[PDB]
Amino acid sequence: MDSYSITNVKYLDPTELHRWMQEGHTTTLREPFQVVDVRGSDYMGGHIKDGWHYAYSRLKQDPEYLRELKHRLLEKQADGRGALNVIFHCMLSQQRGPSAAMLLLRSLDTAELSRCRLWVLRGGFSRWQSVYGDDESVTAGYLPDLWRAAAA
């Protein structure tokens, strides 16, 4: 990235993330990626496989928590190819997704700006599960019952 502007935050569709997961890296530059689920208690009911769970509320209130995430991400990037593609997502298409990305972006030094690419998954986990919810290879801890529209 080149600056600390909101325009540096990119958006990804579920179909493209799924493709990255199938291949094990991004399609264009073959770079690594890491999903960061920033939901709180609404994390319940299923999540993207191999993603990390860092609640937005705590990232925003605890600088040490944000620092921990940054450190983990950069540590993973150091042993990988090129820049690490970090993907943030919420439950739905919410403002907390890009806000979480901005929190990380603002915590990066000018030297670390080039080590990451920031993305937000359009639609959140809600859109994700409507398509890949029952796909065991990309979704973990899924509870079909909770997402039933016309249940009990």
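From 1 onward, residues are counted along the sequence shown.
With 114-122 and 64-72 compared on mean CA B-factor from the PDB entry, the stretch scoring higher is 64-72.
As recorded in the PDB entry, 22-30 is the stretch of 90-98 and 22-30 with the greater mean C-alpha temperature factor.
Among all modelled residues in its chain, residue 50 ranks in the middle third by Cα B-factor.
Ranked by C-alpha B-factor against the other modelled residues of its chain, residue 9 falls in the middle third. Residue 17: CA B factor in the lowest third of modelled residues in this chain (values from the PDB entry).
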